[PDB]
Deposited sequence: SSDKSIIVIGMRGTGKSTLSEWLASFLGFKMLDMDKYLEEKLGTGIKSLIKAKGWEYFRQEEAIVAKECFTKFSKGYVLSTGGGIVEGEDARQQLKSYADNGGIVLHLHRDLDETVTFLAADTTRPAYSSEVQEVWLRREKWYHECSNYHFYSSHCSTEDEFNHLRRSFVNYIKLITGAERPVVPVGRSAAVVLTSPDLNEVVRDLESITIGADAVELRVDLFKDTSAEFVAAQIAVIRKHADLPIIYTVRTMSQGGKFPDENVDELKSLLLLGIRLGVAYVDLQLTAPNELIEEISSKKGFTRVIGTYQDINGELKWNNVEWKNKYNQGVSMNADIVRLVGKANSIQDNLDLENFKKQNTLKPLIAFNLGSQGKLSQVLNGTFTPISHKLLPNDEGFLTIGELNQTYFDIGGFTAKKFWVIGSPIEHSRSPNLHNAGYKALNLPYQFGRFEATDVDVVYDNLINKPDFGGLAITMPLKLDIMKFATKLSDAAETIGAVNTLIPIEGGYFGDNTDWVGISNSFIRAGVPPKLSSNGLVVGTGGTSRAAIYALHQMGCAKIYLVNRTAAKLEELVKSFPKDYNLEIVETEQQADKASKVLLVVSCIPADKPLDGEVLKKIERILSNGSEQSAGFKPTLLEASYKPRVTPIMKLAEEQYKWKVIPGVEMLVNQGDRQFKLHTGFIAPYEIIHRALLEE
């Protein structure tokens, strides 16, 4: 993780102050509004200063503030510049110098509800914004909560990439990449969530766009980031490699590849036949974007024992590509078996390798890394399999086996876990099925379900969340700390016991606009079944303090003893202490919701809810209700209507803990829209 401050530039939206605050909350940085910094230093508002002292004077003082901030606050700050800072060449050179010295100058582009004066300040400034920044991100306009979640998650991965905090992790298991081949993604915009079912990345074929200008390419990536937080593989396939981009337009190719890096794509594709100066420049400027070095035998006459494949693979190793990709053509089914022997002999780098053609299907089914898949709504001239066909054939050759998964507990009749997981299996065409099993003894569960040849995994609910832990040979850290297991899967030598209850809580917050890491504090109300997972989740999110409110203190005093001291659990003993609880922006209610709030508990809650409105952390104060019924609980009604908190019903926690459970059971990312709908449907 980089400690260097981030400078944000770009046109002023009425909420780009919020975005810089949000980013600061995520990074643990301080937010510095450079406009207010100038206004407080000079003792006057910016508007009054301009009309009284002139534009030239204002830009001089703006440049002076920039010079101080860029060196005095060069560590641990989000420096939010005034929108017009790029109007002065003094400030422009300071921005360029900051990026030249290894800093991030981030151009946050906004739609501004896409008074013609705005479009036209934009026309005058747009080139300046580009030249003064080394990174660009579209803060697009979203119309649904799911679009907002995709954009923010895309933003998080982007920030983690460009700051060097965390590179995209190359998949170790089987993985797939849906190949986006549309000339304009706006034609399938409402289908993108379904198109990406089963994919671990999206491969963007830039050369297939109807327009390859930088503006069109950037808008296409914006469309994706509103509908998928999957990592992007950015590909400009040339004509000599089966694509549409002319091989002779080398400067234009380099510019597009550099544009991908500036947009923080997870992977950029490089053709091994490209001029080596182009390859070396991109690789030396890739930063933390990963490189896939690709060669394709277009005429398809090479055999997999040909020396050309060895030379190409070794070129990929010698250029330190993160992934090598070699694509042949199958003129017989033996071409796929020859390729398997090649895969066995070249393991220094991760390798994407398969044969094209109807006779090459076997190689695409057996491929391990980022297997290209398509979708009925996309052009598919290369003839890739859909996720369902890929999973169908893999089962039919023995790659999958008919596994059985179960939810266990008592009572179990009204569990919605089977509906969630079976809908996920259906959409992925997995040969799995999910059932329920009423039980009070974990030993009858082991004899009937676990110790069976087709045992896939367990979902565990009351009253067996501790009794099941005796069968786990490997325990998750969260399972140990919370002291309960709700997911059991077979592994080598035994079984893995995990707890996804806390994952359901934090992802509920994240999906509601909360950054996945923050600096503010949290509150847990009550001692319900998910109160332990709530504490663990709040600590995972980075809450410096976790306050506790309850009717009885003895339950809370034992709660503090049962967690590590560095969790900073603090009991709210009085109403006065509730009024002075600092920076409480997250609340998990774990109290019974069948009765109304009353007593000292209500008075403590009201004071904390009242203090949530003015903290400027970049997101609304957010309350998560743990109770599944009723949908709107008294604490929810109070926080939302009286104090204007953001409010999350308990059903969201259920979907999100099942979402994580689905990944642990199957290894696949669950299709979120489908499993969310399946748990809600009555």
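The deposited sequence has C-alpha coordinates everywhere except the stretch 115-128.
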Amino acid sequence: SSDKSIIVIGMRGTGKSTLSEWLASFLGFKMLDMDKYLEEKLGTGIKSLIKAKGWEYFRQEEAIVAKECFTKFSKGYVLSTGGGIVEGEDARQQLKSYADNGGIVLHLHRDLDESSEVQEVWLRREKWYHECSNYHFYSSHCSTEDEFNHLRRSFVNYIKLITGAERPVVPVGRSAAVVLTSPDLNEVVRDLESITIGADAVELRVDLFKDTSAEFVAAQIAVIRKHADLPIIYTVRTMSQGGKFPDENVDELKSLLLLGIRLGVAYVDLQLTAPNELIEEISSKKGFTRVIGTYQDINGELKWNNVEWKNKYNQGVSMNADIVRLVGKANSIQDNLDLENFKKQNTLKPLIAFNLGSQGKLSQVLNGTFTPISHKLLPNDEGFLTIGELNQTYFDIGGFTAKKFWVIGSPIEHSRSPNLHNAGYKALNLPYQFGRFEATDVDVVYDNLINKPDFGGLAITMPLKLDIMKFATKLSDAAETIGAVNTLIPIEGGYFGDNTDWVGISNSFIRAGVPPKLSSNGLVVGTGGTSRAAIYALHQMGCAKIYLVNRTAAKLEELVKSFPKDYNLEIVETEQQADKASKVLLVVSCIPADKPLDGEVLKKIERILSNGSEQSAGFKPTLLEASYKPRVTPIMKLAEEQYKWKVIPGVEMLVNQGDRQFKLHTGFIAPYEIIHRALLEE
From here on, numbers count along this sequence of modelled residues.
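Higher mean CA B-factor, judged across 243-251 and 565-573 from the recorded values: 565-573. Per-stretch averaging of Cα B factors for 139-147 and 76-84 places 139-147 on top. Remark: of 440, 401, 276, 154, 440 shows the highest value [criterion: C-alpha B-factor in the PDB entry]. Comparing the C-alpha B-factors of 427, 407, 95, 597 in the entry, the top value falls on 597. Among the modelled residues of its chain, residue 16 has a C-alpha B-factor that falls in the highest third according to the deposited record. The deposited CA B-factor of residue 201 belongs to the lowest third of values across its chain.
When all modelled residues of the chain are sorted by CA temperature factor, residue 580 is found within the highest third. When all modelled residues of the chain are sorted by CA temperature factor, residue 128 is found within the middle third. Among all modelled residues in this chain, the alpha-carbon of residue 546 has a temperature factor (C-alpha) in the middle third.
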